[PDB]
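Quick notes on the structure that follows.
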Amino acid sequence: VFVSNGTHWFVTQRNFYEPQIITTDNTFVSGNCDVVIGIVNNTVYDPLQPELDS
Amino acid sequence: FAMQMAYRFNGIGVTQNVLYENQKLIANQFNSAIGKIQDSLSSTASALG
């Protein structure tokens with residue numbers, strides 16, 4: 001589930017707080033922003049880009 | 001409550017996007033179905049048999 005400490009956005013297990021940096025490994029795409037009530041503008045990290053840049 | 005129902009869907013193997021991308025429709029189906037409970041219970045004494 002998504003959470004913020006107040007400044008940064010994390011994803012965590014539902015039953016024990018373990019904040020992970022949000023990536024396309026933790027998260028699945030669907031549709032576009034318009035349809036979801038209460039969606040938030042944020043950054044998702046892409047683990048492949050530094051590996052291609054290196 | 002929308003994030004609870006997204007877990008309720010996840011618990012039947014229906015992925016969470018099937019909830020938020022239909023949220024108003026799911027809310028209206030719940031509200032309409034709740035409306036039919038009043039009419040069902042009000043109309044016949046046989047339901048509490």
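Derivation of every value follows stated rules applied to the coordinates shown; laboratory data play no part. Here the Cβ is made from the backbone with ideal geometry for all residues, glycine too, and neighbour counts use every protein chain on show.
Below are the figures for this structure:
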| quantity | calculated |
| --- | --- |
| When residues of region A:13-24 are limited to those that are more than 13 Å from chain B (Cβ to nearest Cβ) and surrounded by 10 or more Cβ atoms within 10 Å (Cβ to Cβ), the one farthest from B:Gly11 (Cα to Cα) | A:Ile21 |
| When residues of region B:20-47 are limited to those that are among the aliphatic types (A, V, I, L, M) and touching a helix residue (DSSP H, G or I) at 6+ places or on another chain (Cβ under 8 Å), the one farthest from A:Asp34 (Cα to Cα) | B:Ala47 |
| Filtered residue count, region A:2-12, keeping only those that are under 24 Å from B:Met5 (Cβ atoms), among the hydroxyl-bearing types (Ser, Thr, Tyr) and loosely packed, with under 14 Cβ neighbours inside 10 Å | 1 |
| Matching helices (runs of 4 or more DSSP H) fully within chain B where at least 2 residues are away from every other protein chain (no Cβ under 12 Å) and more than 23 Å from A:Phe2 (Cβ to Cβ) | B:23-43 |
| Candidates B:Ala2, B:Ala47, B:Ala33 - the one that is of a type in the set (A, V, I, L, M), touching a residue at least 12 places away in the same chain (Cβ under 8 Å) and on the phi < 0 side of the Ramachandran plot | B:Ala2 |
| Qualifying positions in region A:3-12 - within 14 Å of another protein chain (Cβ to nearest Cβ) and in contact with a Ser or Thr (Cβ under 8 Å, 6 or more places away or on another chain) | A:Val3, A:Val11 |
| Residue match in region A:26-46 (condition: assigned to a strand (DSSP E or B) and more than 13 Å from chain B (Cβ to nearest Cβ)) | yes |
